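Structure first, then comments.
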Amino acid sequence: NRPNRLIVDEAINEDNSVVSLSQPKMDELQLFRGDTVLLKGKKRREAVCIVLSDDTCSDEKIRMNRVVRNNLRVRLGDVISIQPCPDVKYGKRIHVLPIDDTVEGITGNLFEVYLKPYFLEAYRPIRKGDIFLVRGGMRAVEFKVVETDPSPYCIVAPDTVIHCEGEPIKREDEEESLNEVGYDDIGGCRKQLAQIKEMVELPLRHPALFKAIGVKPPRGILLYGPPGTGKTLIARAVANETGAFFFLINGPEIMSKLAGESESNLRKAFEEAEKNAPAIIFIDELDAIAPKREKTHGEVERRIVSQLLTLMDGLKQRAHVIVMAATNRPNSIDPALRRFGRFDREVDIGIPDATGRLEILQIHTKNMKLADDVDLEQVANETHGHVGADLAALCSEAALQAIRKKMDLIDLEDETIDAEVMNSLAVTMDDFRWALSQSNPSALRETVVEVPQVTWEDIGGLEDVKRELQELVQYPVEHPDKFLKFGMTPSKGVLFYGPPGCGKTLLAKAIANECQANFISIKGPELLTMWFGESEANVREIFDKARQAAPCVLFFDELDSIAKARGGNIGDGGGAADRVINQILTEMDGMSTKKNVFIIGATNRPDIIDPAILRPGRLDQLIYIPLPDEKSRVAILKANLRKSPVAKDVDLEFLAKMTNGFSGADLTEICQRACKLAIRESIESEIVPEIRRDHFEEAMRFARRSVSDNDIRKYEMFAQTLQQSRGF
Amino acid sequence: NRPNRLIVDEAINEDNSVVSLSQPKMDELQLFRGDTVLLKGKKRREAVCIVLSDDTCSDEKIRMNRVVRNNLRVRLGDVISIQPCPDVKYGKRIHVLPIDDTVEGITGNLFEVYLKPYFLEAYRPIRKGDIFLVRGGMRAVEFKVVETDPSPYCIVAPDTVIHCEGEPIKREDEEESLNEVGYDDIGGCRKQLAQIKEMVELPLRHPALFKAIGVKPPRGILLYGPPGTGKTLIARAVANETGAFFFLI
Ligand SMILES: Nc1ncnc2c1ncn2[C@@H]1O[C@H](COP(=O)(O)OP(=O)(O)OP(O)(O)=S)[C@@H](O)[C@H]1O
Ligand SMILES: Nc1ncnc2c1ncn2[C@@H]1O[C@H](COP(=O)(O)OP(=O)(O)O)[C@@H](O)[C@H]1O
Ligand SMILES: Nc1ncnc2c1ncn2[C@@H]1O[C@H](COP(=O)(O)OP(=O)(O)O)[C@@H](O)[C@H]1O
Ligand SMILES: [Mg+2]
């Protein structure tokens with residue numbers, strides 16, 4: 001249907017007037033990447049913009065910003081027409097003025113702060129119907145053109161004289177503000193937007209088709225995640241972005257109201273928003289109003305949760321609605337709300353990663369001006385547990401640390417301030433380092449699921465067991481073609497066992513990095529404290545959080561501490577078991593081989609373990625991690641100092657010889673002392689940097705075999721037969 | 001912006017009429033540490049005080065007491081002007097009288113208990129607009145001067161004959177009492193005041209700037225600690241000291 005029909009999509013780049021396409025559309029287009037284009041759009045309102053080319057788009061799709069996409073009165077997923085035409089020319093007048101409340105409280109000269117610096121060397125097209133936004137000085141400014149050089153197009157040149165009175169504008173009746181949230185105000189969530197985006201999209205954009213079909217569009221959604229994670233943000237974003245009518249319910253709000261006042265208040269919310277459909281209904285803190293465990297005292301609270309049910313279930317299809325609620329943990333809410341015809345969908349919005357945090361940090365760092373020494377790629381690596389709302393108050397508190405010490409000397413106090421200071425005001429790296437050091441980065445910290453940073457090169461030796469792990473994880477994910485042809489079935493779990501400090505934890509994080517699978521780590525002590533006094537109930541959740549993360553490596557680390565809890569050494573009269581070992585391996589038997597979740601245990605004392613976990617179908621492959629030997633003992637040293645400035649004098653072949661029964665962790669203990677003996681001489685020297693050969697000679701003096709000899713023969717005995725361990 | 005612009009700060013020393021500065025401001029100043037200075041301040045009300053020098057202040061900052069800082073109608077973090085001038089001279093009359101309820105229940109001779117022992121060998125400047133406080137006898141006494149030797153300055157000498165009827169005064173409509181809590185009535189908390197002090201300060205003193213900016217000033221605070229630790233004290237102190245309107249639940 002011709003290359004006059006294009007679709008809307010949301011840009012990767014942040015720049016104001018551009019559109020990004022691909023070469024197939026270019027081999028359809030045959031026009032430049034420096035050209036101007038005049039686009040046609042809905043409601044007789046159209047606008048002028050330029051194009052470039054790039055791979056991130058598909059064969060056919062169109063990247064835009066909101067500032068473009070709003071004037072065109074279009075939304076993501078609309079048919080647009082680029083109209084590839086070269087009308088190219090300069091314009092003349094281009095008289096602009098600021099917008100109603102967008103300048104409220106800021107005053108003064110706008111030429112050198114705003115406007116001018118935005119146009120320079122990047123002449124930007126303009127039309128009588130372009131509103132645009134300029135970022136700076138802690139503020140988002142909005143503009144409009146009542147007249148310019150006559151239409152359609154005007155293209156600035158590094159001359160053109162712009163003239164502006166200032167003063168507000170009349171607020172446009174229907175024209176949205178750009179300060180309303182949209183898919184660009186959310187970051188780190190990319191994967192769960194597209195999930196929410198598909199699922200809610202077409203029944204909002206295409207109310208008719210469903211009325212034409214017998215398909216039931218899912219209507220109800222539950223968003224998980226700990227507080228401050230952006231649940232309420234993601235909700236309103238979608239409602240704005242999709243065009244829907246967004247009504248909002250607070251839990252406390254309707255539990256604040258008088259008994260019997262809530263019922264009419266909760267009922268009206270649907271009844272009213274029934275009339276305005278298509279409609280979103282968002283319920284903040286569903287936990288407040290529907291808390292069924294031992295639930296509540298007295299009817300009036302037990303009554304309102306049954307009112308909610310008869311609205312969800314007793315929804316007859318009404319006309320058209322979709323309900324969205326939010327809560328901190330999936331639990332604590334009445335189970336009867338998750339049945340079908342009620343909130344059947346679930347979207348778990350976890351904490352962000354560093355790649356997510358940098359995405360967030362840039363969003364709250366946009367509008368403000370920064371010094372050149374800032375990094376923000378390092379910050380994301382120094383903020384560990386942080387949700388989005390922590391990481392926003394880390395930007396706004398760092399920026400108040402800047403404007404206290406800067407303008408206390410200016411000490412100017414009046415009704416409003418103008419932009420020159422703000423423009424010549426910046427935040428430095430010393431502030432971020434300061435606001436990161438307060439207790440504000442105190443933040444919620446719980447089970448994290450991520451792709452690990454460790455690579456294969458980060459571990460030395462072990463080259464064959466590296467080859468065997470990729471057999472057992474890489475391939476069944478890579479080649480589902482095979483394993484049908486030859487039949488059989490992949491084995492699910494693995495068990496590493498060996499001397500302490502020999503590399504088991506690392507080698508589990510390496511394959512996750514290799515297959516880009518998520519990695520969940522559950523350490524024996526942590527697992528056994530949540531059992532607390534005689535109760536846990538959270539184990540089934542780490543298998544859930546593993547299930548919705550697939551492909552996933554699920555790693556049970558230092559699995560020996562649990563068995564020695566029941567008892568170690570001499571031993572009890574009984575075997576080594578707890579009620580938290582049993583509910584693990586009921587749940588292993590639960591997960592299907594069609595799942596690509598993959599389990600790995602590790603133990604430093606194979607002597608003690610429960611045979612139940614070795615049974616075929618639980619942890620079958622047994623892998624014995626030996627101590628390193630000379631040629632590998634170089635690989636270890638060669639590795640962990642890869643970031644250390646070692647001097648040329650050293651012989652790593654020589655270290656590796658004098659050492660024999662050292663663990664890989666104890667080699668790092670030598671390399672550790674050497675480096676800390678270096679810094680003592682340097683610090684002395686303040687009354688030259690480079691690790692020295694003599695240093696390694698002194699460190700090597702105090703080195704310590706971490707594993708005894710007489711216990712090496714014990715690993716060598718279990719290396720042979722640990723299969724025998726079950727049955728007697 | 002010239003060495004006529006100084007800022008307010010809270011003194012380390014406890015003595016009544018002094019101001020503490022540093023040498024960089026002195027190499028800006030070039031006047032004595034025994035001199036008298038006449039300071040200018042807000043609301044057309046100003047007062048006379050003397051200076052010394054010390055390290056505890058920064059390069060540029062000014063230590064005061066509340067008894068100075070109130071007459072000037074200023075609060076910590078205001079631009080003040082010291083006006084380094086040597087007008088030095090003695091005065092003559094200096095007639096003082098006690099304040100409305102500040103003497104309630106205490107009576108009798110005030111000469112040998114109050115007043116006199118406070119002036120001795122440490123002649124203290126005085127102006128028609130100085131209210132001062134003397135400590136002793138389980139009580140905090142407050143005074144004022146309706147007239148003295150003509151203005152601006154009067155500087156006592158170890159002679160000058162003060163005369164006082166006694167009797168209350170009319171309670172000044174807006175003039176704060178010195179018995180209200182302030183940062184000097186709290187101790188051992190120095191480190192967590194400065195924390196609370198930064199965090200609440202500018203959005204109270206500068207309501208406008210935030211209305212001019214997109215920054216969100218944190219508004220809500222939780223104070224921990226076991227009972228009797230001074231939580232309620234620290235709260236009202238800040239409210240008084242910062243000027244804010246303090247409601248209590
Ligand atoms: N092959 C190896 N390559 C690099 N580092 C190693 C290796 N083996 C041990 N290490 C060091 O040991 C530390 C982590 O040891 P792990 O890989 O967890 O071995 P582990 O025996 O499972 O753990 P523990 O605590 O020593 S019982 C790392 O900081 C490494 O410096
Ligand atoms: N993914 C994200 N991207 C950008 N900002 C975020 C994100 N997650 C959280 N925030 C920040 O969190 C703050 C409030 O989050 P909120 O919507 O209240 O989450 P919740 O409702 O889950 O508590 C907002 O200021 C927003 O800036
Ligand atoms: N840091 C402090 N400095 C001076 N006085 C204190 C301090 N902490 C407590 N007090 C004394 O405690 C008394 C009452 O404390 P209060 O304000 O009731 O504390 P809270 O409200 O925490 O119980 C006051 O008389 C005050 O004299
Ligand atoms: Mg380990």
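Projected onto planes of every orientation and averaged, the convex hull of the alpha-carbon atoms in chain B covers 16.1 nm². Between the beta carbons of A:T529 and A:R701, assuming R0 = 60 Å, the FRET efficiency works out to 0.90 to the nearest 0.05.
Using the crude model of +1 on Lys and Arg Cβ and -1 on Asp and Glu Cβ, and no other charge, please compute the dipole size for the stretch A:1-88 relative to its Cα centre, in debye to 20. Could the numbers behind the result be given before it?
Working: 15 positive and 14 negative charges, 144 e Å.
That gives the stretch A:1-88 a dipole magnitude of about 680 debye.
Does the stretch A:1-88 classify as rounded, prolate or oblate by the C-alpha gyration tensor (a ≥ b ≥ c root eigenvalues; a/c under 1.5 gives rounded; else a/b over b/c gives prolate, otherwise oblate)? Note, shape of the stretch A:1-88 comes out rounded. Extension gain for A:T586-A:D572 works out to 2.6 nm (0.36 nm per residue, less the C-alpha to C-alpha distance).
Highest mean packing comes first when the peptides A:31-40, A:434-443 are listed by Cβ atoms within 10 Å, giving A:31-40, A:434-443.
If I fit a long axis through the Cα atoms of helix B:231-242 and take the longest principal axis of the Cα atoms of chain B, what angle between them do I get, 0 to 90°, rounded to 10? Helix B:231-242 and the main axis of chain B meet at about 70 degrees.
A viscosity of 1.002 mPa s and a temperature of 20 °C, combined with the Kirkwood radius over C-alpha pairs in the Stokes-Einstein formula, give the stretch A:180-351 a diffusion coefficient of 130 µm²/s. Past 32 Å, Cα to Cα, is the threshold; run A:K369/B:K197; A:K369/A:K509; A:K191/B:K197; A:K406/B:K40 against it and keep the listed order. Violating the 32 Å Cα-Cα cut-off are A:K369/A:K509; A:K191/B:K197.
How big is the gap, in Å, between the Cα center of the stretch A:607-671 and the Cα center of the stretch A:1-30? If you average the Cα positions of each part, the centres end up 53 Å apart. Modelled label positions at B:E165 and A:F728, each set 7 Å beyond Cα in the direction of Cβ, lie 11.6 nm from each other. Cross-link check: pairs A:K170/A:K211; A:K482/A:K714; A:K61/A:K128; A:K42/B:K216 evaluated at a Cα-Cα cut-off of 31 Å; pairs beyond the cut-off: A:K170/A:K211; A:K482/A:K714; A:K42/B:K216. Per-residue mean of foreign Cβ neighbours for A:408-414 is 4 (Cβ atoms of other chains, 10 Å radius).
Reachable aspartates and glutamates from A:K405, Cα under 12 Å, same-chain residues fewer than 8 places away excluded? Here the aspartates and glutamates satisfying the reach criterion relative to A:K405 are A:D431, B:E198. For the stretch A:237-304 versus the stretch A:49-117, the inter-centroid distance based on Cα atoms is 39 Å. Compared with the dominant Cα axis of chain B, that is its longest principal axis, helix B:190-205 is turned about 80°.
Figure legend: label point modelled 7 angstrom from the Cα of A:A157 along Cα→Cβ; residues of the stretch A:86-119 with amide N under 15 Å from it are A:88-94.
Between A:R303 and A:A277, the simple label model (points 7 Å from Cα in the Cβ direction) yields a spacing of 2.8 nm.
For the stretch A:171-182, 3J(HN,Hα) computed residue by residue from phi via the Karplus equation (6.51, -1.76, 1.60; θ = phi - 60°) reads 5, 4, 3, 9, 7, 4, 7, 7, 7, 7, 4, x Hz, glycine and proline entered as x.
Counting Cβ atoms of other protein chains within 10 Å of each Cβ in B:205-213 and taking the mean gives 5.
For A:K25, the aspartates and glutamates whose Cα comes closer than 16 Å to its Cα, not counting residues fewer than 8 places off in the same chain, are A:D9, A:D35, A:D54, A:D55, A:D59, A:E60. Using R0 = 22 Å, the C-beta based FRET efficiency linking A:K466 and A:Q621 works out to 0.95.
I need the peptides A:324-336, B:157-169, A:594-606 ranked by packing, meaning the mean over residues of other C-beta atoms within 10 angstrom, with the highest value on top. Before the final figure, lay out the partial values.
Values: A:324-336: 17.8, B:157-169: 11.6, A:594-606: 20.9.
Peptide ranking by packing, descending: A:594-606, A:324-336, B:157-169.
Counted residue by residue at 0.36 nm each, then reduced by the alpha carbon distance between them, the extension gain from A:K116 to A:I687 reaches 200.1 nm. Could you tell me how far the Cα centroid of the stretch B:126-194 sits from the Cα centroid of the stretch A:363-414, in Å? If you average the Cα positions of each part, the centres end up 44 Å apart.
Please compute the Kirkwood hydrodynamic radius over chain A, one decimal place, Å, based on all pairs of different Cα atoms. List each step's numbers first, then the result.
Details: mean 1/r = 0.0323 Å⁻¹.
It works out to 30.9 Å.
Residue-wise HN-Hα couplings along the stretch A:654-670, as the Karplus relation 6.51 cos²θ - 1.76 cosθ + 1.60 with θ = phi - 60° gives them from phi, are 7, 4, 4, 6, 4, 8, 10, x, 6, 6, x, 6, 7, 4, 5, 6, 6 Hz; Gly and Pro carry x.
Each label was represented as a point 7 Å from its Cα along the Cα-to-Cβ direction; for A:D544 and B:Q195 these points are 3.6 nm apart.
Say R0 is 30 Å: what FRET efficiency, to the nearest 0.05, do A:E28 and A:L436 get from their beta-carbon distance? List each step's numbers first, then the result.
Details: r = 49 Å, r/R0 = 1.65.
Taking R0 as 30 Å, the efficiency between A:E28 and A:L436 is 0.05.
Cα gyration tensor of the stretch A:204-243, axes a ≥ b ≥ c as square roots of the eigenvalues: rounded (a/c below 1.5), prolate (a/b > b/c) or oblate? The partial results should precede the final answer.
Working: a/c = 7.13, a/b = 2.03, b/c = 3.52.
Oblate shape, in that a/c is at least 1.5 and b/c is the bigger or equal ratio.
Every residue, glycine as well, gets a Cβ built from its backbone with ideal geometry; the counts of neighbours run over all protein chains shown. Every number here is computed from the coordinates shown, using simple stated rules; none is lab data.
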